[PDB]
Number of protein chains: 6
Amino acid sequence: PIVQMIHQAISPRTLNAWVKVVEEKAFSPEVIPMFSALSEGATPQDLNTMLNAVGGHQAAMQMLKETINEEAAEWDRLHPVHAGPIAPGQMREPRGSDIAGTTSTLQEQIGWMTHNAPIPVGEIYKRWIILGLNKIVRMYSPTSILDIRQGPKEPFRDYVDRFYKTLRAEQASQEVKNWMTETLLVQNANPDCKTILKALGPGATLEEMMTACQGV
Amino acid sequence: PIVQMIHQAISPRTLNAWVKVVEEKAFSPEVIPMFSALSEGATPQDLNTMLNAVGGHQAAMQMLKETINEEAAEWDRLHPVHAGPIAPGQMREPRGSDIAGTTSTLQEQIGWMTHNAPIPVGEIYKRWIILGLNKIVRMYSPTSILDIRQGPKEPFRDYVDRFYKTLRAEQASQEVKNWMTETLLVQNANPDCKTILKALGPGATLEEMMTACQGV
Amino acid sequence: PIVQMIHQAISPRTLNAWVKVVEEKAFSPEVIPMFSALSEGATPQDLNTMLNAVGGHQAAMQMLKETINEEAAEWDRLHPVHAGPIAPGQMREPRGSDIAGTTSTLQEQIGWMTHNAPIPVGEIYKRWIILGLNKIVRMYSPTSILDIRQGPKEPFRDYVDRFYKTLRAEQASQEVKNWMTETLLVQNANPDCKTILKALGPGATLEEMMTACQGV
Amino acid sequence: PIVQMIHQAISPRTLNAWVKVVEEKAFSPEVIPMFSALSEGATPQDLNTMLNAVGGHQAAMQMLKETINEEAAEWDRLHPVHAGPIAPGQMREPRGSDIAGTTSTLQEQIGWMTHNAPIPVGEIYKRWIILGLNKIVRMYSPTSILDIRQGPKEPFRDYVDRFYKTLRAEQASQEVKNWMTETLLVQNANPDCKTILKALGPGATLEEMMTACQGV
Amino acid sequence: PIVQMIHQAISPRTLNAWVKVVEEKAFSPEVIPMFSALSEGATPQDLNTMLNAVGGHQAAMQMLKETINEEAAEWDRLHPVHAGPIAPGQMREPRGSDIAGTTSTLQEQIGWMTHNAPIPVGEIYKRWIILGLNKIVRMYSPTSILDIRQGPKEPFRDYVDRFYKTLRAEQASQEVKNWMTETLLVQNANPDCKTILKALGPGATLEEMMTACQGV
Amino acid sequence: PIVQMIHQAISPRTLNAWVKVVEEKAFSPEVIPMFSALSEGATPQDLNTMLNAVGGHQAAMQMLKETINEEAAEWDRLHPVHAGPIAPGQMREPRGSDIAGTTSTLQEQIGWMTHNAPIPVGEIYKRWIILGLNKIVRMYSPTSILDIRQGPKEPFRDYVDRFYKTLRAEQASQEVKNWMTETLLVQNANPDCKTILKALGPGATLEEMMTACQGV
Ligand SMILES: [Cl-]
Ligand SMILES: [Cl-]
Ligand SMILES: [Cl-]
Ligand SMILES: [Cl-]
Ligand SMILES: [Cl-]
Ligand SMILES: [Cl-]
Ligand SMILES: [Cl-]
Ligand SMILES: [Cl-]
Ligand SMILES: [Cl-]
Ligand SMILES: [Cl-]
Ligand SMILES: [Cl-]
Ligand SMILES: [Cl-]
Ligand SMILES: [Cl-]
Ligand SMILES: [Cl-]
Ligand SMILES: [Cl-]
Ligand SMILES: [Cl-]
Ligand SMILES: [Cl-]
Ligand SMILES: [Cl-]
Ligand SMILES: [Cl-]
Ligand SMILES: [Cl-]
Ligand SMILES: [Cl-]
Ligand SMILES: [Cl-]
Ligand SMILES: [Cl-]
Ligand SMILES: [Cl-]
Ligand SMILES: [Cl-]
Ligand SMILES: [Cl-]
Ligand SMILES: [Cl-]
Ligand SMILES: [Cl-]
Ligand SMILES: [Cl-]
Ligand SMILES: [Cl-]
Ligand SMILES: [Cl-]
Ligand SMILES: [Cl-]
Ligand SMILES: [Cl-]
Ligand SMILES: [Cl-]
Ligand SMILES: [Cl-]
Ligand SMILES: [Cl-]
């Protein structure tokens, strides 16, 4: 990565941490924040390093490759290369593959990131990667939000844990997720807690809901 | 984080330490100091990194989200955005969502924190987070302070351990906690140690109390 | 902490090291040096961080709180606040609670420590903490120095280990501890080694004593 | 290594990380990215350090030696040494063995890398090493891409994992690997999923294929 | 410690390393080099930190205290304090107890070490400590060099291992240790290897001796 | 060590790494590269630190001492000390024992290494140590290269592993090792693979040999 802006090689414990995360957590939602944290200020070479280090899950890594290629293609369509030689004191405009790090040197990436009025190639590539990771997380989620229902003997807190876990994996905008929270959560609770929740009303917070069904 | 003031990426072992703390300790009181220590000088992006890295406890993390949104809303009510373009050499006033890091870039956060006469967005957001964490710790505490009572064969020291643990989780100001210490502790001790404690008087320190019932 | 003088956030492995030390070693004497070593150059915020991170032993942590409050009160009596506004280029005199870090900001602590003709708030608070830790170590020691006696089949070296361990926990000045070393150690040895030790005389060193009873 | 450009000794945890990787992962594809990441900015002395540290797999390490010697020989043929004494302010042109680090000092390597209009000896040597590593990975792969076939009860995702693992080990250009992906993957699937995949058509993405046979 | 010269707090892993070394290795010879390595450039406060951190072996730590006091007393006899006030730009001459760190501040130690024409208080104290450690290692060694004898079925290499281990613990100058090597080693070997060793002669090296009795 | 050139104390994890390497790997060939890597830029004090830290293998450490003394003696014969006082701005020429670090201070070593037109005492001493380590590795190798022979059911790759391991331990120049590779390897293979190898010819590479007997 580059830290203020000075280039640093990716540390062994950062890379190991990411590898271990992929092994232990598969493609759980929390891996995406983790990834970002382990790739803070990272060059495209660092990001490719993290992805390539993963052994196994090669179907998911291939899907990630196809997503990255789609994003690179869209970038190329939006940003067409301009003919003519590069002038001194200037650098060539980055193609999609340069952002992915496959066709650009480390010095070129450093140059784009450090130069005044910069192009943050690492952050763009990072966005593409996180997009594909979201695709993978959503496909690999077994459960659907509609199916989560509270058991008759199940404590409300556990039910809310399951519900919001599944919700975190769901493919939906924040408006849709809001609708799910304010529609399905109370509807799918068990009858005792469901009645008690209905009694609270439409504006009840999560804290009030969990406190109300705490005894239940 | 930012260390003197120079921005640093959150270290892998800091993040791992926080994750492990959440796994092992759930929502015990000591997690809140720990959090602070692991977030010293942290940007809103770092704080969101720590929260988002948590897998599981999604009910608590959702409660935390609602608390953060309430605090952001109160901030927005107190600090209304002013119309007009931002001048050169100046930065826009931060909204509630910018303090939470959801709507502000890393460079904007760094700019607010580093600039002369700064706005410490990381510390404000950190306060909101710790507020919600206090809500969660208090709700997730099974015991109540009134119920802690010394067993007849129970050594006084163990009883004081239980008492002050439960007290640490309790929802009360320092005046109320003072009243609890000076009222309930001696009252709920077992009869031998309770008599001996009554003999000491109202001004007896904790050290004197534990020394007096040490043989008992 | 602050290292030369430049402020640094408390490292995750320092804090973890202290937590582990409290868990494994309880309140053995060696925890107090350890504490100091883990708090070298630490601000009051760092010290509070270390204390607050401890889970359990809440009776001892409460005793520590009462000791810190007594020391803060004595400081306040010795150093009375002076009326009048603080001038530019100067900082307010620290109250007891400011030294304990409960009522002072991190920037205020840094300012006191870094400024020319400084007030070392971290070292003062550290002294208070170590004082309370000594109270706790002494109360939590089960054994008394008078009771340590050499077994008939017990090797002298083991007996000296037990003796000086208990002595290290004892509540006594160096003059009293000297008297204990030169009175009780030889007196409480077993008859064979006790006779041999008496034969050496009053000025015999520990090395000579252990060498003399090595065969015994 | 050298980090910006300042020379650094190879860290103990980098070297240990590489050694552990060779032990645990043998010669799986992911070891080659790992190697690169652990050798970022490394001098030829660092690279030789990493290779020489490996215990066991001496057949593979010998193959690696022969590949490095072939690459050094080709370099020497392309770059013939020029007679005449080296001038002040200039350094001798590197031979193949100098790039491999066997015949060049650390100061010479540092000089080539740091000097203006530099020769990156570490990156050239690194390319040779990675070339030989590719030879070893390909020879040590037991499976062939043609043999990977989906089981009748085998979930499609597992089959795609096996397929792309074997493909990653395969000795083929990206055009050939493209042909394999678009020819053999759908052909070697089981009849239910194979029929469903045929129904999608030639332009179907991996995500669409896995989603389509997800129920299957 | 102080590293070039800039003061650094003792790291948590250095201290932990020393503690673990004392636990696992007791007072084996190799602990003394280890100690030195963990105390490189250390102030008297750091050295006291390392000694005080040790739990257990309190007889040995007390012996160490008596040795340090003897060395401090000899220093005081050689270096008598001179009456008169300390001038500006100058520092007081260190007493024995100041070198031991018991009566000197950290700033005083730093001042002695950093100042031009310095007094290396840390290295002097370190010498005293290592002297007492040698006393302890020698007393705690069970074996004597005269007793080490080769078994009839014992391989020569194992016998040389035992011999030089015991020799390393022995209390003797290098001239005496030379005499022991050139007298007792060949004399105490078993008859087959002893005869073969006698045949080599008085000037035979250790390598020649081990090679000669390798088959034996 | 010294890193660019600035002196650094040997890290705890470097030393621990070396100790663990000696414990686990004994005197396998790979320990010698490891040693070098852990001693990069190290002073003679650091090298002595690493050697002295080893517990056990005292026969080998003694052999190492005799080798170092022989190398120091040869250095002294080649470099005779010159009579006359050392001038200001100059340092005394190093004797053999100074290079070994037994008779030279840390400041003297630093001075030799840092000064313009330097004497690299650490690298010279390091060469002596590695020489003695080679003696030890060769003596402690049980197997001889002539004895390695392929089993009838033994896969060729395993046989090449054993062969080149033993070869790595062998006492021979690169010309002799070349002769062994091109004479004994094919000769000692089993008859099926030996016939197939003979069919390839004298110029066959290792890769071709292993590929040819892969089915065999
Ligand atoms: Cl690292
Ligand atoms: Cl994996
Ligand atoms: Cl999965
Ligand atoms: Cl790859
Ligand atoms: Cl953009
Ligand atoms: Cl519940
Ligand atoms: Cl880290
Ligand atoms: Cl968790
Ligand atoms: Cl919980
Ligand atoms: Cl997230
Ligand atoms: Cl504010
Ligand atoms: Cl008690
Ligand atoms: Cl750390
Ligand atoms: Cl604890
Ligand atoms: Cl306890
Ligand atoms: Cl707290
Ligand atoms: Cl004071
Ligand atoms: Cl004894
Ligand atoms: Cl390291
Ligand atoms: Cl290996
Ligand atoms: Cl393999
Ligand atoms: Cl080697
Ligand atoms: Cl090139
Ligand atoms: Cl599937
Ligand atoms: Cl550390
Ligand atoms: Cl111990
Ligand atoms: Cl012992
Ligand atoms: Cl102590
Ligand atoms: Cl001196
Ligand atoms: Cl032998
Ligand atoms: Cl370290
Ligand atoms: Cl060992
Ligand atoms: Cl061995
Ligand atoms: Cl030694
Ligand atoms: Cl030389
Ligand atoms: Cl084979």
# chains A, B, ... in the order shown; residues from 1 in each chain; ligands from 1
>>> select_by_dssp(residues="range 61-173 of chain B", states="helix (DSSP H, G or I)", output="PDB file with C-alpha atoms, in the first residue's frame")
ATOM      1  CA  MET B  61     -25.229  -4.353  15.758  1.00  0.00           C
ATOM      2  CA  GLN B  62     -28.637  -3.270  14.454  1.00  0.00           C
ATOM      3  CA  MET B  63     -29.457  -1.618  17.799  1.00  0.00           C
ATOM      4  CA  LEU B  64     -26.100   0.130  17.516  1.00  0.00           C
ATOM      5  CA  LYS B  65     -27.135   1.348  14.053  1.00  0.00           C
ATOM      6  CA  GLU B  66     -30.386   2.807  15.409  1.00  0.00           C
ATOM      7  CA  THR B  67     -28.556   4.555  18.225  1.00  0.00           C
ATOM      8  CA  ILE B  68     -26.011   6.014  15.780  1.00  0.00           C
ATOM      9  CA  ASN B  69     -28.872   7.242  13.570  1.00  0.00           C
ATOM     10  CA  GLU B  70     -30.592   8.888  16.540  1.00  0.00           C
ATOM     11  CA  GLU B  71     -27.344  10.638  17.485  1.00  0.00           C
ATOM     12  CA  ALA B  72     -26.779  11.741  13.893  1.00  0.00           C
ATOM     13  CA  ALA B  73     -30.325  13.134  13.747  1.00  0.00           C
ATOM     14  CA  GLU B  74     -29.832  15.082  16.977  1.00  0.00           C
ATOM     15  CA  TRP B  75     -26.548  16.445  15.603  1.00  0.00           C
ATOM     16  CA  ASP B  76     -28.321  17.539  12.418  1.00  0.00           C
ATOM     17  CA  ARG B  77     -31.027  19.304  14.421  1.00  0.00           C
ATOM     18  CA  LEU B  78     -28.405  21.132  16.487  1.00  0.00           C
ATOM     19  CA  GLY B  96     -24.605  13.514  11.049  1.00  0.00           C
ATOM     20  CA  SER B  97     -24.051  10.881   8.349  1.00  0.00           C
ATOM     21  CA  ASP B  98     -20.615  12.354   7.598  1.00  0.00           C
ATOM     22  CA  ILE B  99     -19.655  11.875  11.259  1.00  0.00           C
ATOM     23  CA  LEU B 106     -11.511   9.440   4.103  1.00  0.00           C
ATOM     24  CA  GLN B 107      -9.884  12.645   2.847  1.00  0.00           C
ATOM     25  CA  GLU B 108     -12.788  14.696   4.215  1.00  0.00           C
ATOM     26  CA  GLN B 109     -12.462  13.054   7.646  1.00  0.00           C
ATOM     27  CA  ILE B 110      -8.695  13.585   7.620  1.00  0.00           C
ATOM     28  CA  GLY B 111      -9.298  17.195   6.601  1.00  0.00           C
ATOM     29  CA  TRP B 112     -11.708  17.876   9.465  1.00  0.00           C
ATOM     30  CA  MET B 113      -9.397  16.277  12.024  1.00  0.00           C
ATOM     31  CA  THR B 114      -6.089  17.812  10.845  1.00  0.00           C
ATOM     32  CA  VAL B 121     -15.359  13.552  13.713  1.00  0.00           C
ATOM     33  CA  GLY B 122     -13.761  10.319  14.903  1.00  0.00           C
ATOM     34  CA  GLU B 123     -14.217  11.220  18.568  1.00  0.00           C
ATOM     35  CA  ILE B 124     -17.831  12.323  18.109  1.00  0.00           C
ATOM     36  CA  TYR B 125     -18.730   9.150  16.199  1.00  0.00           C
ATOM     37  CA  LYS B 126     -16.798   7.192  18.835  1.00  0.00           C
ATOM     38  CA  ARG B 127     -19.020   8.755  21.522  1.00  0.00           C
ATOM     39  CA  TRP B 128     -22.167   7.699  19.651  1.00  0.00           C
ATOM     40  CA  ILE B 129     -20.852   4.142  19.250  1.00  0.00           C
ATOM     41  CA  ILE B 130     -19.924   3.918  22.941  1.00  0.00           C
ATOM     42  CA  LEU B 131     -23.401   5.204  23.845  1.00  0.00           C
ATOM     43  CA  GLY B 132     -25.054   2.418  21.841  1.00  0.00           C
ATOM     44  CA  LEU B 133     -22.587  -0.087  23.276  1.00  0.00           C
ATOM     45  CA  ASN B 134     -23.689   0.992  26.752  1.00  0.00           C
ATOM     46  CA  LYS B 135     -27.308   0.384  25.752  1.00  0.00           C
ATOM     47  CA  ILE B 136     -26.391  -3.106  24.534  1.00  0.00           C
ATOM     48  CA  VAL B 137     -24.269  -3.983  27.576  1.00  0.00           C
ATOM     49  CA  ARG B 138     -27.094  -2.913  29.887  1.00  0.00           C
ATOM     50  CA  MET B 139     -29.805  -4.831  28.020  1.00  0.00           C
ATOM     51  CA  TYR B 140     -27.662  -7.978  27.717  1.00  0.00           C
ATOM     52  CA  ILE B 145     -28.025  -5.308  41.427  1.00  0.00           C
ATOM     53  CA  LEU B 146     -30.867  -5.876  43.909  1.00  0.00           C
ATOM     54  CA  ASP B 147     -30.601  -9.652  43.540  1.00  0.00           C
ATOM     55  CA  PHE B 156     -16.924 -12.007  51.282  1.00  0.00           C
ATOM     56  CA  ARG B 157     -14.414 -11.292  48.498  1.00  0.00           C
ATOM     57  CA  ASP B 158     -16.328 -13.401  45.959  1.00  0.00           C
ATOM     58  CA  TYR B 159     -19.546 -11.644  46.955  1.00  0.00           C
ATOM     59  CA  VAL B 160     -17.936  -8.227  46.401  1.00  0.00           C
ATOM     60  CA  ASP B 161     -16.701  -9.443  43.002  1.00  0.00           C
ATOM     61  CA  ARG B 162     -20.226 -10.423  41.924  1.00  0.00           C
ATOM     62  CA  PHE B 163     -21.723  -7.242  43.397  1.00  0.00           C
ATOM     63  CA  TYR B 164     -19.379  -4.842  41.615  1.00  0.00           C
ATOM     64  CA  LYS B 165     -19.550  -6.774  38.356  1.00  0.00           C
ATOM     65  CA  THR B 166     -23.339  -6.467  38.320  1.00  0.00           C
ATOM     66  CA  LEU B 167     -22.992  -2.848  39.467  1.00  0.00           C
ATOM     67  CA  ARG B 168     -20.653  -2.132  36.548  1.00  0.00           C
ATOM     68  CA  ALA B 169     -23.339  -3.369  34.166  1.00  0.00           C
TER      69      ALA B 169
END
>>> residues_near_ligand(ligand="ligand 19", cutoff="6 Å", atoms="only C-alpha atoms and all ligand atoms", output="PyMOL selection string")
chain D and resi 11-13
>>> write_last_selection(atoms="N, CA and C atoms", output="mmCIF file, in the first residue's frame")
data_model
loop_
_atom_site.group_PDB
_atom_site.id
_atom_site.type_symbol
_atom_site.label_atom_id
_atom_site.label_comp_id
_atom_site.auth_asym_id
_atom_site.auth_seq_id
_atom_site.Cartn_x
_atom_site.Cartn_y
_atom_site.Cartn_z
ATOM 1 N N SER D 11 12.705 -9.562 6.714
ATOM 2 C CA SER D 11 12.234 -9.741 8.075
ATOM 3 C C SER D 11 12.120 -11.222 8.428
ATOM 4 N N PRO D 12 12.254 -11.555 9.716
ATOM 5 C CA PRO D 12 12.147 -12.965 10.126
ATOM 6 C C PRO D 12 10.789 -13.573 9.843
ATOM 7 N N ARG D 13 9.725 -12.779 9.967
ATOM 8 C CA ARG D 13 8.375 -13.291 9.760
ATOM 9 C C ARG D 13 8.023 -13.420 8.284
#
>>> residues_near_ligand(ligand="ligand 14", cutoff="7 Å", atoms="only C-alpha atoms and all ligand atoms", output="PyMOL selection string")
chain C and resi 19+22-23+54-57
>>> select_by_dssp(residues="chain D", states="strand (DSSP E or B)", output="list in words")
residues 2, 3, 6 and 7 of chain D
>>> write_last_selection(atoms="C-alpha atoms", output="PDB file, in the first residue's frame")
ATOM      1  CA  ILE D   2      14.360  -1.981  -0.692  1.00  0.00           C
ATOM      2  CA  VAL D   3      11.412   0.265   0.173  1.00  0.00           C
ATOM      3  CA  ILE D   6      15.986   2.422   1.105  1.00  0.00           C
ATOM      4  CA  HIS D   7      17.467  -1.040   1.704  1.00  0.00           C
TER       5      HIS D   7
END
>>> residues_near_ligand(ligand="ligand 6", cutoff="12 Å", atoms="only C-alpha atoms and all ligand atoms", output="JSON, numbers by chain")
{"A": [150, 153, 154, 155, 156, 157, 158, 159, 160, 161, 193, 207, 208, 209, 210, 211, 212, 213, 214, 215, 216], "B": [59, 60, 139, 140, 141, 142]}
